[PDB]
Amino acid sequence: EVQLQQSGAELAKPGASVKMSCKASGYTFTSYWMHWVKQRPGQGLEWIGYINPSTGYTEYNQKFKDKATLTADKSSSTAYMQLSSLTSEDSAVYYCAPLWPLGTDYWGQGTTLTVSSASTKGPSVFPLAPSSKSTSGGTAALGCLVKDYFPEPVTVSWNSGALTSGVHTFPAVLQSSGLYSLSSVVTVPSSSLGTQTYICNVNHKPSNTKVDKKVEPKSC
Amino acid sequence: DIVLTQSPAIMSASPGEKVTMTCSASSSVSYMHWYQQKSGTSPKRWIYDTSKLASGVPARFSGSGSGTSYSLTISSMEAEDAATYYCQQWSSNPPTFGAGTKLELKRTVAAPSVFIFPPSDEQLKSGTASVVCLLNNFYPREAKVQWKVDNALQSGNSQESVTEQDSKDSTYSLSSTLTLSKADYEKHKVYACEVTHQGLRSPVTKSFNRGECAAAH
Ligand SMILES: OC[C@H]1O[C@@H](O)[C@H](O)[C@@H](O)[C@@H]1O
């Protein structure tokens, strides 16, 4: 019923600016202060500031006074946040939330911001080949390494989606290069290695690259 | 600013177990709020004014405390209570949040299945070598994964990635990726991944010699 709709993900370069929105419905937009919070993985939650949409008054965390600018438009029931002079430390998920006064417990779905000087690039897909080094007794492991792509996300399936059991697709890691990398692995019965074929369908479409790589039982 | 320290940072609880997490404040606060965040979703107000449950929060949840010491308690742990809980104060400006307590499901110990993957011929052609070590379906999360290249312990050239707790068997899976230049890779022979974990009576090693594995060279 009550809804806080935040604008879609944003990609920006260092030193650029970005402005994000937070559309409120299901409650009196003017009766609640709109707070903004920043979340990075491995970090907690950071309170940026709030705006009173009724009066336009804003308070800021001193840590974000020169970084964030909070606006509100009553006629559209929309609060806005602008972030200037962007650095890699500004890459995060940003939530809007009517934290005060009490009464509305919901937050917005969040806006993900990634700021990076990296260029769009499709991944290279390398096989993680099964063999004796990848076999316990009757179970063998194989996979695909999805390396050196930008930006998030990539989608990986196995045998066009026919194989889901035992699939582990790890979270992407941002390498020092500025490109992302992950591996997707699957465990299968070792007897089926030389008889049944395993192909991973790796997809990253900001670069519109789609690759299916056959992972094959290599001999050690 | 008032600094909020939540303890423990990560904890695991069995079904039906009583669980208590603490939120400590660097200076006295009069009230404490609590938010629940499930993975990949937004936080939601869970407890307000120290002890008042938000609407729709089940009765097994409670909060208490005063001064510099507050806590959130679940009388009987249930699977849907797995989440991260953040405390927050506003007796002082600016309002501050704790770093969260990640509450996960405790299950029996399960030893990891370990697999090592030598680099593909395609990537060696491109001039880099990635060696991947896989720890599959284990519990608890803590695991020591050491890379040794001709008995030399590696540092700063590997990175770990861990899945979320599996929805069905509550295990984790982990990948350790050792990244080397093709030049350094061909300068050594033995590449080993050694895994120490509570579920192994002794550490397990998966290794290969660059050369007992067929390749382009
Ligand atoms: O926001 C805290 C609580 O305030 C009360 O006024 C509302 O009835 C609840 O829905 C809400 O959970």
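Lettering follows sequence order; numbering is per chain, from 1. Values below: all heavy atoms of this structure, side chains included; hydrogens, waters and symmetry mates excluded.
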Mind listing the side-chain donor-acceptor pairs of residues 202-217 of chain B below 3.5 Å, one per line with the distance, residues two or more places apart or on another chain?
residue  : atom : partner  : partner atom : Å
B:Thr205 : OG1  : B:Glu194 : OE1          : 3.4
B:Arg210 : NE   : B:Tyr185 : O            : 3.4
B:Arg210 : NE   : B:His188 : O            : 2.9
B:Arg210 : NH2  : B:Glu186 : O            : 3.0
B:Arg210 : NH2  : B:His188 : O            : 2.9
B:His217 : NE2  : B:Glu186 : OE2          : 3.2

Exercise for the section: Check the pair A:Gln39 / B:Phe97 against side chain to side chain contact (heavy atoms under 4.5 Å, CB included), numbers first and verdict last. Expected result: CA-CA 11 Å; A:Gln39 175 167 233; B:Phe97 291 92; over 6 Å; no

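- Contacts from residues 182-198 of chain A to chain B, taken as heavy-atom pairs separated by less than 4.5 Å, involve A:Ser183, A:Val185, A:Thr187 in sequence order.
- Checking side-chain atoms of B:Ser161 against main-chain N and O of A:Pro171 turns up a donor-acceptor pair under 3.5 Å.
- Using modelled atom types, one finds no donor on one side chain facing an acceptor on the other under 3.5 Å when comparing A:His168 with B:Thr163.
- If you measure heavy-atom distances from A:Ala141 to chain B, the contacts under 4.5 Å come from both the backbone and the side chain.
- Near-neighbour residues of residues 96-106 of chain A relative to chain B, defined by a heavy atom under 4.5 Å from a heavy atom of that chain, comprise A:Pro98, A:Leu99, A:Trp100, A:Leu102, A:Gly103, A:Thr104, A:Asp105, A:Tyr106.
- With a 6.0 Å radius and a threshold of 12 heavy atoms from other residues, nucleotides or ligands, B:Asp169 has its CG atom above the threshold.
- For chain B, the nearby parts of A:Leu128 are the backbone and the side chain; heavy atoms of each come within less than 4.5 Å.
- There is no contact between A:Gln175 and chain B, counting heavy-atom distances below 4.5 Å.
- Only the side chain of A:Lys147 comes within contact range of chain B, with at least one heavy atom under 4.5 Å from a heavy atom of that chain.
- Using a 4.5 Å cut-off between heavy atoms, A:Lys133 contacts chain B through both its backbone and its side chain.
- Not counting sequence neighbours, A:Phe64 has no partner by the ring-ring contact (aromatic ring centres under 6.0 Å, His included) test.
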